[PDB]
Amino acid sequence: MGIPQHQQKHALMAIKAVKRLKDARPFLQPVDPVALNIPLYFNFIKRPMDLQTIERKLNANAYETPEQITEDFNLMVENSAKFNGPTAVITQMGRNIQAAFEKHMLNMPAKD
């Protein structure tokens, strides 16, 4: 069920290093469109994604490929691109943490 334990451990190391980057702050938790008075968020963003959801899918063995993790990350960034604009501060921070995460994933050991 899910990626093998060594792949999962590498991915969790990656996530935990990323969470500690200041650029991660806006993605630590799910966006709360009501707390933030942005009602149009769930109309534009059909699939919200955040670092907490990713981590908890990881622990649940809900990821079958490292590419799924990367895709959820990408989606996390494309959401802010779509709702705040391509050059908003939050979007650039998303891009920065996405770069850091891919960099970490480069060293992802193989299934075998």
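Residue numbers run from 1 along the displayed sequence.
Checked against the record, the higher mean CA B factor of 49 to 57 and 62 to 70 lies with 62 to 70. With 5 to 13 and 95 to 103 compared on mean CA B-factor from the PDB entry, the stretch scoring higher is 5 to 13. In the deposited entry, the Cα temperature factor of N79 places it in the lowest third of its chain's modelled residues.
For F27, the recorded CA B-factor ranks within the lowest third of the chain. Only modelled residues enter the ranking.
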